[PDB]
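A.B. asks: Just so we're aligned: the sequence shown equals residues 4 to 116, 124 to 171, 175 to 352 in the authors' numbering.
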Amino acid sequence: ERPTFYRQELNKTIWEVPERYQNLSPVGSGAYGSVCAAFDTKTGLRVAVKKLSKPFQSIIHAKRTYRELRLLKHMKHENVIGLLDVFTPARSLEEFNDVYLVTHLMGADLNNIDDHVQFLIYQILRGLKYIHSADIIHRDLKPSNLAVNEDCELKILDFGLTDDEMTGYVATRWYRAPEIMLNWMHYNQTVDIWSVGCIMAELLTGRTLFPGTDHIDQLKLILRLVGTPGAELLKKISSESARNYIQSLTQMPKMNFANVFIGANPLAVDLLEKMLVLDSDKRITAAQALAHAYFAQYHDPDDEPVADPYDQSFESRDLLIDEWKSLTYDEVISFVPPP
Ligand SMILES: C[C@H](O)CNc1nc(Oc2ccc(F)cc2F)nc2[nH]nc(-c3ccccc3Cl)c12
């Protein structure tokens, strides 16, 4: 039942959207495409519309388009960005060239912003429990992909999705777990818990926890706080080069977190000590952290949902452009809006 589309030149490209979406206005860059704010006249919601940039340009692009669509279609949680709508002006698979994604328009990210800290981190962990239960890892959680509305209600964006933008004194690398940053090992879900620790610390102090000037300076800032690796962790580092470099470092003990986070709620300090553990096997999980005394005022086990199973078998699959495009098209066509 095809809606009527109209055309409008915005982000140096012609946007072609259903009539329901009015007053389009550029917000900026999103993940793999440009974003416009819009009023959805059907739902009464202020929405963000993302037009993907050349979504089937290559195999890597076609697969990444499929991947983002699948991830967004899966996520049905208050604290996680999901899909309100997806459309294409194309009438068939043959003319399918553009994908538009629609979600809630948020008010500010965590850059643009103790009881407040409890509430914000609670929601991140609530959302992360849900994402992690589906065997999804965010991989790049940072204040800029965490957004709030007016009531400080939070959603996580850009989950599940280069060398130069990770280089130097840049916020793009400051929230990354040491094992990802230096590619130590095949990493788990608590890389995101490391990120939550970095963000929580920053909300509490108003300062970046590990503002490294490069990968190596950042590692040193990390190890000064949490200590140098012991034998047990060194064994778990499969990268022989990386393991060898670690062993060149002067050994350092873990610092006292109460002397770093002076004046902070001791339950906040305790939680930070459990999130910011060097060995990712021993880091607190999202489900465990929600039960921590710090969130006593917000914690409700009956209101902390988990996700339906997420089939990501497509990830290990190699297909042609036209095959990823066809799969993408099927997912667009089969979309059913939320209530
Ligand atoms: C962080 C990101 O790379 C840029 N900001 C935003 N991006 C997106 O991307 C989309 C994701 C899924 C969709 F279905 C549609 C989108 F536009 N939605 C958004 N909805 N609201 C925002 C937003 C708006 C103003 C300030 C902060 C944010 Cl996160 C926002």
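Just so it is clear, CB atoms sit at the ideal spot from N, CA and C, and this is done for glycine as well.
With a 10 Å radius around its C-beta and 16 neighbouring C-beta atoms as the bar for buried, classify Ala65 as buried or exposed.
C.D. replies: With 16 or more Cβ atoms within 10 Å of its Cβ, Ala65 is classed as buried.
A.B. asks: Within the same chain, show all residues whose beta-carbon is closer than 6 Å to that of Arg186, passing over the 5 residues directly before and after it, in chain order.
C.D. replies: Only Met179 meet the Cβ criterion.
A.B. asks: Tell me which residue opens and which closes the beta strand (DSSP E) that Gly31 is part of.
C.D. replies: 24 to 32 is the span of the beta strand (DSSP E), which, as asked, contains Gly31.
A.B. asks: Provide the residue span of the alpha helix (DSSP H) that contains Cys39, from first to last.
C.D. replies: From DSSP, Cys39 is part of no alpha helix (DSSP H) but of the beta strand (DSSP E) over 36 to 43.
A.B. asks: How is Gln231 classed by DSSP in three states: helix, strand or coil?
C.D. replies: Three-state result, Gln231: helix.
A.B. asks: Whether or not the segment 14 to 25 and the segment 43 to 51 are in contact is what I'm after, with contact meaning three or more pairs of Cβ atoms, one per stretch, closer than 8 Å; do they touch?
C.D. replies: A contact exists between the segment 43 to 51 and the segment 14 to 25.
A.B. asks: Determine the direct distance from the alpha carbon of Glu97 to that of residue 122, and round the result to whole angstroms.
C.D. replies: Regarding the residue in question, residue 122 is not represented: the chain runs 116 and then 124, omitting everything in between.
A.B. asks: Could you tell me whether any non-hydrogen atom of ligand 3 is closer than 7 Å to the CB of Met194?
C.D. replies: Ligand 3 is absent from the structure shown, which contains only ligand 1.
A.B. asks: List, from N- to C-terminal side, the alpha helix (DSSP H) runs of 4 residues or more that fit wholly inside the segment 268 to 350.
C.D. replies: Taking only runs of at least 4 residues, the alpha helix (DSSP H) segments lying wholly in the segment 268 to 350 are 270 to 273, 279 to 288, 299 to 303, 334 to 346.
A.B. asks: I'd like the list of long-range same chain contacts for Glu328, defined as Cβ closer than 8 Å, with 5 residues on each side in sequence excluded.
C.D. replies: Excluding positions up to five away in sequence, the list reads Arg70.
A.B. asks: Within 10 Å of its beta-carbon, does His148 have 16 or more other beta-carbons around it, so buried, or fewer, so exposed?
C.D. replies: Buried, because 16 or more other Cβ atoms sit within 10 Å of the Cβ of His148.
A.B. asks: Assuming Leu164 and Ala157 are in contact, meaning their beta carbons sit under 8 Å apart, how far apart are those beta carbons, in whole angstroms?
C.D. replies: About 7 Å; that satisfies the 8 Å criterion.
A.B. asks: Sorted by chain position, which residues of the same chain lie with C-beta nearer than 7 Å to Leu332's C-beta, five sequence neighbours on each side aside?
C.D. replies: The answer is none, since no qualifying residue turns up.
A.B. asks: State the start and end residues of the unbroken alpha helix (DSSP H) segment that holds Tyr103.
C.D. replies: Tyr103 -> not in any alpha helix (DSSP H); beta strand (DSSP E) instead, spanning 103 to 107.
A.B. asks: Applying the criterion that 16 or more other CB atoms from any shown protein chain within 10 Å of the CB defines a buried residue, is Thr91 buried or exposed?
C.D. replies: Buried, since its Cβ has 16 or more Cβ neighbours within 10 Å.
A.B. asks: Thinking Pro318 and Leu87 are a contact (beta carbons under 8 Å), I'd like their distance in whole angstroms, please.
C.D. replies: At roughly 19 Å, the Cβ-Cβ gap does not stay under 8 Å, so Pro318 and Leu87 are not in contact.
A.B. asks: Looking only at its chain, what residues have a beta carbon closer than 7 Å to the beta carbon of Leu217, apart from the 5 residues adjacent to it on each side?
C.D. replies: For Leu217, where only same-chain residues beyond five positions count, the Cβ hits under 7 Å are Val127, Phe274, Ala277, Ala281.
A.B. asks: Can you have a look at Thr341 and say buried or exposed, based on whether 16 or more other CB atoms are within 10 angstroms of its CB?
C.D. replies: That one is buried.
A.B. asks: Does the beta carbon of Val38 fall short of 7 Å from some heavy atom of ligand 1?
C.D. replies: Yes, Cβ of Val38 sits closer than 7 Å to a heavy atom of ligand 1.
A.B. asks: Is the separation between the beta-carbon of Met198 and that of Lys248 shorter than 8 Å?
C.D. replies: No, these two residues do not count as a Cβ contact at 8 Å.
A.B. asks: Quick check: the Cα distance between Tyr9 and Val89, rounded to an integer number of angstroms?
C.D. replies: If you take the alpha carbons of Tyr9 and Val89, they lie about 16 Å apart.
A.B. asks: Cβ atoms of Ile131 and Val209: under 8 Å apart, would you say?
C.D. replies: Result yes, Cβ atoms of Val209 and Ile131 sit closer than 8 Å.
A.B. asks: Taking the DSSP output, what are the residues bridged to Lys165?
C.D. replies: Answer is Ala157.
A.B. asks: Nearer than 7 Å: is that true of the beta carbon of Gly33 relative to any heavy atom of ligand 1?
C.D. replies: Flag set: Cβ of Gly33 near ligand 1.
A.B. asks: Looking at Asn155 and ligand 1, is the gap between the Cβ and the nearest heavy atom below 7 Å?
C.D. replies: Because some heavy atom of ligand 1 lies under 7 Å away, the Cβ of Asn155 counts as near it: yes.
A.B. asks: Within this structure, are the beta carbons of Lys338 and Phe169 separated by less than 8 Å?
C.D. replies: No, these two residues do not count as a Cβ contact at 8 Å.
A.B. asks: Count the C-beta pairs between the segment 133 to 143 and the segment 305 to 325 that are closer than 8 Å, then say yes if the count reaches three, no if not.
C.D. replies: Yes, since at least three Cβ pairs between the segment 133 to 143 and the segment 305 to 325 fall closer than 8 Å, the two stretches touch.
A.B. asks: DSSP on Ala111, reduced to helix/strand/coil?
C.D. replies: The answer is strand: DSSP assigns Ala111 an E or B state.
A.B. asks: Let me check understanding here. Comparing Cα to Cα, which of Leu13, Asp176, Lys287 lies closest to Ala214?
C.D. replies: The candidate whose alpha carbon is nearest that of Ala214 is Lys287.
A.B. asks: Which whole-angstrom value is the C-beta distance of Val102 and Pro58, which I expect to be below 8 Å?
C.D. replies: Correct: roughly 5 Å between the Cβ atoms.
A.B. asks: Would you say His77 touches ligand 1, meaning its beta carbon is less than 7 Å from a heavy atom?
C.D. replies: False, no ligand heavy atom lies under 7 Å from that Cβ.
A.B. asks: Could you name the residues of the same chain whose beta carbon sits closer than 7 Å to that of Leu222, not counting the 5 residues immediately before and after it, in chain order?
C.D. replies: Same-chain partners within the cutoff: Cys211, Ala214, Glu215.
A.B. asks: Determine the burial state of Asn82: buried for a count of at least 16 other Cβ atoms within 10 Å of its Cβ, exposed for fewer.
C.D. replies: Buried, by the Cβ-count rule.
A.B. asks: Assuming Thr226 and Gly181 are in contact, meaning their beta carbons sit under 8 Å apart, how far apart are those beta carbons, in whole angstroms?
C.D. replies: Yes, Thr226 and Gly181 are in contact; Cβ-Cβ is about 7 Å, under 8 Å.
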